[PDB]
Amino acid sequence: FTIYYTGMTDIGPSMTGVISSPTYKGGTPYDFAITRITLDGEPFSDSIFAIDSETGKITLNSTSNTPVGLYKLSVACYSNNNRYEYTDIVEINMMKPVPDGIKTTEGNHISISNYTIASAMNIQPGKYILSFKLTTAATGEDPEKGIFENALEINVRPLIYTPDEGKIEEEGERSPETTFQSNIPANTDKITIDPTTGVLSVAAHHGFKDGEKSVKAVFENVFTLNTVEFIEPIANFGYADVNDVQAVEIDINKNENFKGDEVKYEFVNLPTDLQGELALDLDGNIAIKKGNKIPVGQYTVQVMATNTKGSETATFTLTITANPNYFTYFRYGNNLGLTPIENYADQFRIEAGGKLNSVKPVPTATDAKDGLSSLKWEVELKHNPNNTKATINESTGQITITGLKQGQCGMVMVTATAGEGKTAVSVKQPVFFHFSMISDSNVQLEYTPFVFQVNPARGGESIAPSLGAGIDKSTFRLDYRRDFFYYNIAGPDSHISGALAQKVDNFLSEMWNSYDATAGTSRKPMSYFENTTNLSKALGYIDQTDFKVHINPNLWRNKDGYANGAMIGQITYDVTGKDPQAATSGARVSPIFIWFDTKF
Amino acid sequence: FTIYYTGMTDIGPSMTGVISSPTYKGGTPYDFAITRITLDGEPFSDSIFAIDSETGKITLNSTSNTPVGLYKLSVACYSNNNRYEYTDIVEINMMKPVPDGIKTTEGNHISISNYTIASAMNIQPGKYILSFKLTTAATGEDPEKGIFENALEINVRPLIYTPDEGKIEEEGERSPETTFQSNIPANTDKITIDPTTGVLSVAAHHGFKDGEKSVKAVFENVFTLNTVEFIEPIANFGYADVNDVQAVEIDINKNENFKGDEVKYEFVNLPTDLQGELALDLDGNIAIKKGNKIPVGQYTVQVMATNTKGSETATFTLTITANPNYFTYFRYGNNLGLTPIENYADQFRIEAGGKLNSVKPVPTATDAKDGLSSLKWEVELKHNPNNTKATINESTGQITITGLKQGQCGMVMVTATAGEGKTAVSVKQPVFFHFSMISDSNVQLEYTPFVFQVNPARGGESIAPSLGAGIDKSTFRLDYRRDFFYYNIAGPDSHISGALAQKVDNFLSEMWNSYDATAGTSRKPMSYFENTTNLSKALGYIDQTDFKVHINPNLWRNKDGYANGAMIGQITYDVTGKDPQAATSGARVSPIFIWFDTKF
Amino acid sequence: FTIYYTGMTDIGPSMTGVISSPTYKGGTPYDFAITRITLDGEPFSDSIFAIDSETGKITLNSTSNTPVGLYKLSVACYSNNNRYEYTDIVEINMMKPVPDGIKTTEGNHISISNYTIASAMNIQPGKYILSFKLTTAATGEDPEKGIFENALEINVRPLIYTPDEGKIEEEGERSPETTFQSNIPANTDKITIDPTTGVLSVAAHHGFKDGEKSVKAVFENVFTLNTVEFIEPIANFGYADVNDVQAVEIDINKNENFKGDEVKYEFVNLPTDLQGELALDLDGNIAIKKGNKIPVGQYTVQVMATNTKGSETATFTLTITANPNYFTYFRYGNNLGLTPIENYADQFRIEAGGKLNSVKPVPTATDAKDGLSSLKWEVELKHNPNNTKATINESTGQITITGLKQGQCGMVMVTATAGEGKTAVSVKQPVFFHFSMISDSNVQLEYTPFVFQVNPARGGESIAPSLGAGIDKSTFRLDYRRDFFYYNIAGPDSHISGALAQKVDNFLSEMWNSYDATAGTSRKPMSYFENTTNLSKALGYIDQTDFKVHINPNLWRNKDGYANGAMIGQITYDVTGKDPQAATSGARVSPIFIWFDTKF
Ligand code: NA
Ligand code: NA
Ligand code: NA
Ligand code: NA
Ligand code: NA
Ligand code: NA
């Protein structure tokens with residue numbers, strides 16, 4: 001809420017109009033009061049100025065003494081139930097009237113050295129009242145700046161109704177007497193007009209039926225009266241108080257006796273911790289979803305219902321207490337020697353020349369209230385859906401992967417659930433795998449960790465990989481090439497998962513287009529060799545000194561938000577110092593997963 | 001809310017019972033958690049102890065490691081929506097079990113130097129499990145205090161139902177299937193019993209009618225089943241949100257669709273500023289009175305309804321905004337020369353030998369928003385109702401008194417009202433008068449001020465009076481005598497106004513009795529001369545040095561609260577140094593009003 | 001200093017104009033910087049937006065990446081040497097361009113569901129560039145709101161120079177080469193024009209002489225070149241540092257080598273304690289007056305000089321140290337029994353029936369550093385100048401009054417001086433006298449104190465007077481009547497001292513007129529009996545219960561400030577309960593002086 005005043009600075013004791021009016025931003029203010037008036041730096045006792053409690057407009061009280069000088073007014077008001085106070089927000093300069101005998105001077109007794117228009121109370125028909133500021137003195141007297149109030153009246157054939165359309169309802173059992181009255185403007189005998197004000201009126205028993213629809217002062221068709229169907233006013237609008245535990249689905253339905261036609265609903269001052277957690281539907285019922293993040297506590301919720309007949313607000317109390325199944329994480333850790341395990345993704349390498357069946361990870365930790373063993377487990381294979389399969393032991397959480405190809409990474413989503421029925425709580429997390437190999441030219445490309453956890457706002461760089469014993473770093477070249485896949489984890493719905501491909505619209509096609517409309521399915525947006533003249537333009541790239549993957553800042557996003565998900569692409573290498581774009585099948589690997597999350 | 005734990009200090013690893021349980025005062029606690037466990041001054045990682053989230057009772061987790069030493073448990077819980085946490089509230093000493101071969105020792109290999117009973121898990125039928133604390137050592141080894149758990153079982157013809165009476169409802173359209181089940185204990189074929197537990201049960205279609213009403217294990221008449229009328233559960237219980245201005249009457253009615261039989265209502269966590277301002281009736285409707293003191297602001301109000309079928313809480317929002325008629329005082333001031341006028345009662349002296357018609361006070365000040373002239377005025381004569389009359393000019397507030405006798409004080413209540421209709425605001429205040437005179441022996445007794453504003457808790461003394469020119473202070477004596485009157489101003493209803501009189505029960509008779517059951521209508525409770533051996537016993541008295549009225553502390557009250565009101569009594573004098581009890585008619589005056597208010 | 005931004009909310013990556021510009025109040029801002037950019041609630045690394053350090057206007061950097069979303073810019077700048085910073089003061093919504101094939105769609109491949117004008121870069125000749133907001137989608141794709149930038153060019157015979165007048169100087173010894181150049185617009189051969197821009201130019205040796213004074217694109221007389229006399233630029237502008245003691249006169253002259261024609265001067269950031277204490281004259285020299293209130297301390301002073309050739313600021317240091325003669329008060333006290341004496345005016349009563357020569361007060365106290373005896377003394381009679389005389393002993397300060405009439409008050413101004421010569425310090429204070437008497441009907445009217453020290457902003461009331469032994473208060477009436485005098489003490493110069501009189505303009509005539517233009521020299525503005533229907537309108541009045549003088553709030557002032565001075569008027573009385581306006585000569589007294597000071 002913000003507020004300031006505009007209006008007349010200089011006035012005299014005869015001022016009867018509004019002196020100063022507020023302009024505000026935020027909630028419509030009300031209960032205005034003048035809390036202090038000062039005159040020339042000292043308190044002013046008498047109630048010289050008044051303020052309209054509803055509008056905040058300031059006028060002069062006509063019975064008050066009006067000594068000359070600068071007045072400062074302090075003003076208080078409310079907006080959305082809160083009190084605000086402003087010291088010396090309005091300044092009013094009260095001037096001395098000019099001497100008695102000045103017309104629109106009595107026997108040349110008073111001289112004037114300065115003439116200025118003070119105000120006139122684009123031309124309009126009607127009377128203009130002009131006021132002047134004059135500097136005057138009697139013979140031999142010191143000059144004085146005064147105000148010449150209401151000095152001159154200037155009076156200058158006749159119509160707009162705001163609005164010009166209006167509704168009247170057909171009478172019936174629910175409204176046997178209906179009427180109409182328009183605002184004051186600036187074949188049937190049932191519509192009348194007040195001759196002085198021009199207000200249009202209709203009394204009860206007009207006999208107007210639903211669907212049925214010129215003033216002389218001739219202004220033809222200056223108003224339109226529409227007869228319409230009765231709109232039922234809002235009644236019996238309310239919700240029961242609600243008591244439940246954390247993270248469960250709750251339907252909060254309005255009472256079934258609700259009456260009211262064509263109603264709209266909105267929250268009034270929804271508490272901060274409920275914002276985004278409660279959804280109001282078009283019928284005014286509220287949904288809270290399973291897995292919601294409302295903290296334990298007690299909350300007051302208000303809903304306003306509105307139709308053309310008026311508004312009504314209802315209040316209920318929502319109390320959330322502890323769910324005995326509530327928990328927030330589990331961990332499998334890693335077989336890469338990396339600790340603390342919580343500083344790295346859950347990730348497992350199958351050694352070069354090894355077997356997938358030798359690596360079957362079991363979870364190791366959780367904050368589940370009834371302990372690790374109390375959890376039940378599900379798994380969903382994410383990558384590579386064309387050849388990789390995943391299963392899980394429902395009671396232990398042991399994961400088995402089959403089909404993952406040497407030289408590639410895979411990814412699954414694991415869901416742990418505590419409890420059963422309506423109060424069950426589930427936590428879902430990714431687990432990643434890398435099937436290492438010795439590929440062409442004795443290369444054994446290994447990033448440790450092979451999951452690069454990156455903040456898409458800040459960007460960053462991965463660990464430098466090991467290349468394999470005997471590999472000459474100096475002549476090694478490494479670049480993304482093809483076969484890009486993206487899996488949304490907890491990003492916006494518009495971050496569509498899947499492979500970058502011709503004629504498929506998904507997050508990767510959107511990302512590619514953000515780099516260049518012509519990028520198609522090429523390596524360009526992720527390539528060092530295609531961006532050497534300006535690397536800052538790439539979505540990401542591998543450097544040719546250390547072979548880290550670099551992710552550039554703020555690019556991994558769309559209009560709906562930052563990426564929250566994981567990307568994998570095929571990378572190719574060359575061992576003779578050349579751009580590896582044409583590397584043959586045995587020199588192609590997918591050794592690293594990029595996991596974007598602004599929490600990293 | 002307060003809480004502490006009692007239970008077993010010393011345990012061993014085989015402990016399966018409740019170790020420690022809470023005793024609490026205040027709101028029933030819930031959502032218990034153990035937030036920390038320490039062992040021997042260091043953090044203990046594993047979840048060795050568990051706490052029941054509902055009861056707060058503490059047990060040992062059987063799969064946990066149990067190293068030896070003193071454990072300290074920190075506990076959190078909620079009470080009435082607030083979280084409380086207690087560091088090291090529970091201490092558990094985990095002991096080492098005694099060595100293997102001790103029976104209820106294996107080849108005299110282990111010696112025992114100390115025997116103590118640890119616990120037994122007034123005698124009762126059933127099995128007692130005994131545990132011991134023993135100090136033991138193998139030959140040549142250092143002695144050790146251990147625990148001997150479940151060492152001995154001691155097993156010692158058969159019934160109480162709590163409660164012993166229970167209700168079942170007759171079936172009908174609103175409840176076509178009704179049942180019954182009793183708690184587990186410690187002619188018809190429709191009542192059955194579980195042979196193992198002894199629970200009494202009745203299935204639907206029992207055919208029992210309203211009004212209609214022995215177990216072998218023979219316990220005759222050990223349970224009574226009463227058939228009763230269906231109690232409608234609470235439904236559609238709610239209130240609309242309420243918006244109004246300060247100090248006006250408001251009826252807050254529950255929605256007319258309410259269902260529910262035999263219901264009781266109470267406020268839940270009523271906000272501090274509404275306490276005493278909202279009244280809940282036996283139907284659950286709420287009244288707010290005209291002149292209520294609820295501050296401007298927005299309030300959340302909750303009401304709980306309860307019957308035998310359960311409880312339901314409803315919430316509404318109450319918003320109070322500024323009343324344009326709101327104000328808190330007016331003042332008439334005084335004609336005694338006393339300032340600031342707000343430090344004294346509104347009070348007017350008619351001079352000795354003067355006329356009542358010469359003193360017609362008009363009000364001088366107010367905080368009325370539209371100014372002094374905007375007020376309308378009413379008056380009510382309080383004293384002396386046997387001879388004094390009061391009128392007021394409705395628009396100016398000018399008071400006219402007639403009939404007040406020379407030598408006496410009078411009192412009126414003046415009511416000023418701002419505005420009209422439902423939003424009108426009224427303020428009621430006393431105004432006092434003293435008709436001075438020269439009485440017998442040239443005495444002109446004048447207290448200035450003649451209204452003694454006293455705090456009845458603290459007590460105090462009046463101003464010293466002027467006696468009149470020529471009066472010898474040394475030989476003057478002055479004492480309350482008779483004709484005592486009391487007028488409740490804003491005290492409890494039980495402070496009944498009126499004259500102290502035989503066979504009339506009012507505040508003065510109660511006050512008299514508090515001094516002495518035999519005081520009747522005598523001067524004694526207010527007399528110096530009747531209390532000279534212990535003045536602290538008097539309700540009040542006049543001293544014979546300065547002639548101040550003294551009011552003793554904490555006496556002017558009854559069981560319902562401190563006096564808030566005004567007292568006048570006849571005082572008599574003597575000019576020859578004697579007890580003035582028998583002063584003749586011309587030496588009797590009522591020159592001072594005592595106004596009691598704990599705000600003074 | 002205050003600031004906010006206006007401009008374009010929605011942009012695209014092709015935006016090359018100003019996006020947002022500041023509006024400010026206070027000192028012209030400079031050294032603008034963008035201190036932070038966020039995108040969608042996270043830091044944005046790259047320098048996407050730029051800000052002009054001088055103007056604060058914001059543009060898009062064309063080489064930057066431009067991801068889609070809402071950007072928030074934090075801005076810092078300086079104003080008058082101080083740094084200000086504003087978090088998220090500017091918001092910029094970067095949109096996605098609309099798809100490739102949209103003209104001003106490629107084979108109906110993209111549908112549009114919404115058309116809006118984004119911006120057009122009252123009609124004017126020249127090219128308008130239109131941009132659109134469109135909602136679009138390819139067949140089967142989710143719709144997207146995009147921006148269609150530079151979509152349409154609309155191109156719509158020819159002149160204003162701001163300003164239209166300009167000065168060139170005649171050449172001479174001090175400026176042998178002078179030129180002219182006008183701003184770009186929106187008989188002699190020495191004035192030329194750039195054909196493309198229309199700038200008017202004159203090279204050196206134009207031969208134009210002092211006093212001497214049409215473009216085709218024909219705009220006749222569209223510019224006026226005035227030949228004028230050389231204005232000497234400011235040079236050698238400075239002041240010496242200044243060291244002196246408190247309260248002495250100081251002339252601070254600029255160095256005598258100053259050069260510069262037609263110069264104006266102002267202070268730059270004058271320290272608070274020097275404001276009102278240093279006066280800058282039209283030559284740029286500074287005066288500090290004897291009796292100035294500059295505290296001891298060291299001050300930096302800056303003065304800016306400006307003419308048409310530019311500005312130059314000079315700085316000096318002013319150091320004020322202790323004056324050994326510095327002091328602030330003396331006191332004579334009073335002979336009225338009133339203490340502490342500093343809570344009352346210095347004031348002396350000559351008893352009824354007494355002699356002026358019996359009351360010759362001597363001063364009693366001072367904070368003079370060398371003690372009371374070190375002071376020398378002067379006196380000036382203020383009232384009554386028509387009959388009263390005052391002398392003083394120069395070394396003791398003993399005052400002698402002669403000529404003051406029974407029944408009246410007098411007033412003198414006493415000046416005490418410590419030290420001699422340039423470092424002497426003087427303090428001037430009033431001392432008042434009351435020559436009491438028993439006047440008609442045994443009245444002995446005495447106010448104690450008889451100097452009513454009143455704050456003219458707050459108003460107030462005097463002490464109640466004693467009327468004399470035997471005087472009946474009930475029938476006494478007292479009112480100001482005539483012979484009003486006012487003496488300015490330390491008020492504005494416009495508070496002219498002297499008697500209220502016909503055809504004399506002074507503070508009292510001004511005060512009288514403020515009450516009513518018709519008041520003349522009547523009692524009305526100071527009368528109880530002339531204002532009984534609305535006492536709040538009086539300048540002051542005596543009440544008829546206690547006979548206190550009342551001064552109404554905020555009235556004793558004019559446009560230049562509150563009264564600081566003393567007023568005396570003749571008051572008349574009646575002993576028979578009547579308006580005393582016609583009291584004869586023996587019932588007329590001037591018993592009270594009103595001393596106005598906002599320090600009271
Ligand atoms: Na409700
Ligand atoms: Na499990
Ligand atoms: Na409700
Ligand atoms: Na009135
Ligand atoms: Na200098
Ligand atoms: Na001296």
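Hydrogens, waters and symmetry mates are skipped; everything else that's a heavy atom, side chains included, is used. All ligand and atom numbering here is 1-based and tracks the order in the structure. Throughout, a chain's letter reflects where its sequence line sits, starting with A, and its residues are numbered from 1.
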**Prompt:** For B:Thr328 and B:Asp367, does a side-chain donor sit closer than 3.5 Å to a side-chain acceptor?
**Reply:**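 The answer is yes; a qualifying pair exists.
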
N/O/S atom of [X] inside 3.0 Å of the Na ion (ligand 4), strictly under:
| X | value |
| --- | --- |
| B:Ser373 | yes |
| B:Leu375 | yes |
| B:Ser395 | yes |

**Asked** OH/B:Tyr332 to OG1/B:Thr366 distance, rounded to the nearest 0.5 angstrom?
**Response** 11.0 Å

**Request:** List the steps and the verdict of side chain to side chain contact (heavy atoms under 4.5 Å, CB included) for B:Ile234 and B:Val263.
**Result:** CA-CA 8 Å; B:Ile234 301 160; B:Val263 178; 4.2 Å; yes

**Whether C:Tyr541 and C:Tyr528 hold their rings parallel, tilted or perpendicular, with breakpoints at 30° and 60°** =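 Taking C:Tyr528 first and then C:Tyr541, their aromatic rings sit tilted (interplane angle of 30° to 60°).
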
**Message:** Strictly under 3.0 Å, is the Na ion (ligand 1) approached by any N, O or S atom of B:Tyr239?
**Reply:**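 No, B:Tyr239 does not qualify, because none of its backbone or side-chain N, O or S atoms lies under 3.0 Å.
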
